[PDB]
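Only one chain is given next, in structure tokens, and it is the form deposited in one PDB entry.
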């Protein structure tokens, strides 16, 4: 069946301890060491606060989890511990719990984030090259360490724009990649779901995060967020098919021997491919170079095996000034 084209044996070669997250025994820290200062975020699975570490008076972020199954939380914890220290991965600093209720908190490094809806309009052409390159560092790293993030989107990319610092967060949906394993397709967030999730191809791989990144990147260069704006999962595939065209979708489905639900097939219809330049207009013109569009094109492919890997993406000429700058 389908397999990743890179990093496919990472968890085969590492000790079982690295990936066997249910075997983790969590070493709980002192709940009292971290005080909540104010709320900064939330989602279906947590409430997030800026905090202080009372030992050293340093800022931190406190993610207070909503009731969660042991298996699920050990997965997030072990993935964070495995990736701690890697480029642009949020650092997990401690893990603590309330004694009475046993409510767990993950403690992270602090970032002064500006939400994307307010930050991304202010980014220059070069700023988008720079921040996407920094995000790619994180994704090549996690994929190289045998992990798929499975929820890449702007809400999970913290940026302190004054310091030009980026951290990829919220590993709640991340998993370890094992060849031929069939994963749950109910991952990512709708506007960023790959076609493989939307047609029920379960033997997907790191390439799923490259689709999500392409969706984010198309929203930034075209100033059209979200770029594929579906209402439900079926409509999400329709929004894609109206852009990339149904010919390529049919080639993909035939390659992997997938049949669409008859309902879905009828909704998707038949559509011509819409060239990327048709998305160009006066709000976005300052961002839409031929290098940007080439790079985007090589991420947004139906066939997950055709997409650029994160390592290839980093070497695309679109980023050549960011690389030159970073050589020093």
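Positions refer to the first chain, counted from 1. Heads up, when I say rigid core I mean the largest set of C-alphas that superpose within 1.5 Å between the two forms.
Trainee: Please work out whether 129-137 or 99-107 has the higher root mean square C-alpha deviation in 9 other deposited structures of this protein relative to the shown form, with the rigid core as fitting region?
Mentor: Once the core is superposed, the stretch further away in 9 other deposited structures of this protein is 99-107.
Trainee: After a rigid core fit, does 52-60 or 294-302 show more C-alpha displacement in 9 other deposited structures of this protein?
Mentor: If we average over structures and residues in 9 other deposited structures of this protein, the farther stretch is 52-60.
Trainee: Can you let me know which of the two, 266-274 or 47-55, has the higher average C-alpha B-factor in the entry?
Mentor: Mean C-alpha B-factor is greater for 266-274.
Trainee: Looking at the entry, does 32-40 or 277-285 show the higher mean C-alpha B-factor?
Mentor: Mean C-alpha B-factor is greater for 277-285.
Trainee: Among the choices 76, 225, 127, 109, identify the one whose CA B-factor in the record is greatest.
Mentor: By C-alpha B-factor in the record, 225 ranks first.
Trainee: Per the coordinate record, which of the options 154, 146, 248, 87 holds the highest CA temperature factor?
Mentor: Highest CA B-factor of the listed options: 248.
Trainee: Going by the recorded CA B-factors, say which third of the chain residue 193 sits in, lowest, middle or highest.
Mentor: Lowest third.
Trainee: Which third, lowest, middle or highest, does the CA B-factor of residue 184 fall in along this chain?
Mentor: As the PDB entry reports it, the C-alpha B-factor of residue 184 lands in the middle third of its chain.
Trainee: What third of its chain's C-alpha B-factors does residue 291 belong to: lowest, middle or highest?
Mentor: It belongs to the middle third of the chain when residues are ordered by C-alpha B-factor.
Trainee: Just say lowest, middle or highest third for the CA B-factor of residue 99 relative to the other modelled residues in its chain.
Mentor: Highest third - that is where residue 99 ends up once the chain's C-alpha B-factors are sorted.
Trainee: Could you look up the Cα B-factor of residue 115 in the entry and say which third of the chain it sits in: lowest, middle or highest?
Mentor: Highest third of the chain for residue 115's C-alpha B-factor.
Note that the form deposited with a partner chain bound isn't included here; everything after this is about it.
Trainee: Of these, 132, 221, 96, 185, which has a heavy atom no more than 4.5 Å from the partner chain in the deposited complex?
Mentor: By the 4.5 Å heavy-atom cutoff, the listed residue in contact is 96.
Trainee: Pick from 58, 35, 297, 303: which residue has any heavy atom within 4.5 angstroms of the partner chain in the deposited complex?
Mentor: It is 35 that has a heavy atom within 4.5 Å of the partner.
Trainee: For a quick test of understanding: in the deposited complex, does each of 81, 192 and 236 have a heavy atom within 4.5 Å of the partner chain?
Mentor: Not a single residue of the candidate spot has a heavy atom within 4.5 Å of the partner chain in the deposited complex.
Trainee: Please pick out the stretch from 69-77, 208-216, 237-245, 98-106 that is in contact with the partner chain in the deposited complex, where contact means heavy atoms within 4.5 Å.
Mentor: In the other structure, the partner sits against 98-106.
Trainee: Applying a 4.5 Å heavy atom distance criterion, does residue 265 contact the partner chain in the deposited complex?
Mentor: Heavy-atom contact with the partner chain at 4.5 Å: absent for residue 265.
Trainee: Against the partner chain in the deposited complex, would residue 122 count as a contact residue? Criterion: heavy atoms within 4.5 Å.
Mentor: Yes.
Trainee: Taking the shortest heavy atom distance, is residue 284 within 4.5 Å of the partner chain in the deposited complex?
Mentor: Answer no; every heavy atom of residue 284 is more than 4.5 Å from the partner chain in the deposited complex.
Trainee: Check residue 64 for me: does it contact the partner chain in the deposited complex (non-hydrogen atoms, 4.5 angstroms)?
Mentor: Yes, residue 64 is a contact residue.
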